[PDB]
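Alright, two takes on the same chain below, each alone as C-alpha cells: structure 1 and structure 2.
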Structure 1
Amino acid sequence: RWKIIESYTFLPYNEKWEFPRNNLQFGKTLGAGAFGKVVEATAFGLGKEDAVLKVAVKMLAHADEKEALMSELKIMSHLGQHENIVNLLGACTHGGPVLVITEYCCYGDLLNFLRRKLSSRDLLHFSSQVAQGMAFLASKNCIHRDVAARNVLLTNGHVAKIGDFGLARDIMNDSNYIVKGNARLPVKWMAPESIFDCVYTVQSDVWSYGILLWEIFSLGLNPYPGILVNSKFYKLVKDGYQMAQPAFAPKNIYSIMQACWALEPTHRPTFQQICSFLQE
C-alpha cells in the first residue's frame, strides 16, 4: 500500500470525517478482494452542502486487518483534497464495521476502458492528469507503490484520478501479481531497486509511471508482451532492456517513458517536470 516518506513531512483519526452510517443505501459491488470489497452507494447529506452525491464505500479478516483500514483512512485524511486523486469524503468508525467513503468514478478503470475502445488529445489528457495526481502525492512525500493503469479511474468528464483498490482488489487471482515471500507484487511495474533491493521512493513511482505511459499508448497491452517473468526477465532489467516505443506514442512521449526508465533513480525526472513537459 501507499506510505508516507521522510517537500517536508511533520496520526490518529479525526472525528470531523465521521458520518452517520444511517444515511447510506448500498448498491452494486464495484470490486472485491482477499479481505475487502468496494460498493456503489448514496449518501444522504455530507457537508452543509447537504447533497445526495453518489459514492464508493470500502469495507472489510481479524484485527490484523482492522489496523490497516484505519491506517489507510489516516493517510487519506493527512493529504487532503486534489482533483486528480480519489478523495476521502467520509467514514463510519463507530456502531459497526469501518466504512470508508470516497468519490465515485462512473467510467471505472482506465485499463478496461482503454481495452473497450478517443484521440491522442485524450491520451495526452489522461497522461497529464495522472501526472498531476502523483505530483500531489509526491509533494506530501506520499508514495503509492502500485501505479498502474488498472488503478487509474475515470470520473465525470472521463477525467483521471489515481486511487488504489488495495483491500478491494483480488490480488490473489491476478497473475500480474507475482509471489515473493508473504507479499505479492506487480513486478512488471516495479523499478529494479524495488524488486532487488526492496527500496521504494517517489522516484520508484516514476518508474511505474513510465509503464502506465506504455499502457496508455498501447491501449492496454500487458507490458513486456509475451515475456514471462523468471530468470531471464530480471536479468533484462538488470541489463537495462526497455520496451519498444508503442504504436500511438508520439516520439516525444516515448522519450518521457525512457527518462522514467533510467536505472539510477536520481536521473529520472519528477512529476512536476513531467507535468511541465506536458504543458508544452
Structure 2
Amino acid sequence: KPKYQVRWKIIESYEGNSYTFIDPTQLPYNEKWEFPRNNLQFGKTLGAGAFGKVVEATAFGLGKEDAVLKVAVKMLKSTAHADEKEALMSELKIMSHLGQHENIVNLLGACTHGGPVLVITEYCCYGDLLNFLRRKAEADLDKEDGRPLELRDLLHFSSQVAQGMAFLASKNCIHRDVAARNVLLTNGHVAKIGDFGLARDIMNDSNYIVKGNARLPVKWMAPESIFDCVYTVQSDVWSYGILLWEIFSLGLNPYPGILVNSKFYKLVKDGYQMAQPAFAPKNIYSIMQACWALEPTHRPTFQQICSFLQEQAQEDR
C-alpha cells in the first residue's frame, strides 16, 4: 500500500543451498507477556510515523507488584490496514522467540485484550544513535553542552551493537535494517539494536528507495541483496560497516550527495567504497573495508569485530 512491517527474519534451514524462513504468522503468542492496559500511564510521544506511533509510558506492576518502570510502547493507528495488525503481532512473536540480550531492545510485555494491540519494549532515554551523534556534532551550546565526544565513546557504541548483532546471528536471525536510526541508547549511553521504523515516516525518507517490489534502505545494503535478493548474516555485516561509517562520521548520511542510480548499484557491486570518515582511525576504517568485501564469506563476524573494538577501547596501564 504500502503497509507497516518489520523485516527481521529467522532461518529454519539451511539445506539448499537455500534458506527457508520461519513464518511468524504460525508462531504462537505466549500469554505470559499479557499486561493490563490500565496499569500503563501514557506520556510523551517518542516518535510518530505514517502507520502508528511509539509512546513512552510508565508501567506499574510489571514483573513485580510494586515495580515502577519507564517503558516504550508501540501501537498502530486507529485506521490500521487489517494486518499490519498481524505484522505488529508477528512482531512481538519473532521477539518472544529470540529471548533477551543486553544490546538488543527487549520485549517487556503486550496488551492484547481490552483494545488495540500494544507492544511494550525497553525504554531508551537518549533516543536513537543518529540524532544523538548529530546533536553532539552540531555547533551550538544552547542545544547541547556536555562532555566532548571521544574515540572511546564511538568504540563503545560500535562494540555494543556488534555484540547485539552477534547474539542475533547466533539465533539464526537476520535484521535486514542495521542502521544508526535503528540503534537506541539507554542508561549510560549503552547501545541497543532494535527497529524504530514505526516512529519514522517511511514514505518521505530519502533513505528508502523504490527497488521494484518494496521500499528498501539501498545505501545500507550489500550488492547480493540488491542483486539478487539474498539476505544473510554476512549481509547484515555489510550494513554494519555502513553503520560504522555513520558513527565515525558523526551522523553524516552514507554516500553523501551520491545520485542513487544504476549504476550506483553496479559500481558498488564492482567494488566502489566510501572514503575514510573524518573521525575514524585507520584501523577502524579497515574494519569498514572488510565489511564491504564483495565476497560475503570474506567479511568479518560480529563477534570478531566486537572483541577487536573492546580491545581497542581498553585504557592502558
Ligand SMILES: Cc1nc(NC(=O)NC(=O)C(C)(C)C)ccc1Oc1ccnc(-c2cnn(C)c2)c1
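Residue numbering: structure 1 sequence, from 1. Basically, rigid core = biggest C-alpha set you can superpose within 1.5 Å across the two forms.
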item: Structure corresponding to the form solved without the named molecule; value: 2
item: Listed options 143, 168, 73, 92; Cα moving by 2 angstroms or more between structures 1 and 2 (core superposition); value: 168
item: Inter-form CA displacement between structures 1 and 2 at residue 48 - rigid core frame, Å; value: 2.4
item: Core superposition result - C-alpha of residue 182, shift between structures 1 and 2, Å; value: 4.3
item: Per-residue CA shift, residue 219 (Å; core superposed between structures 1 and 2); value: 0.3
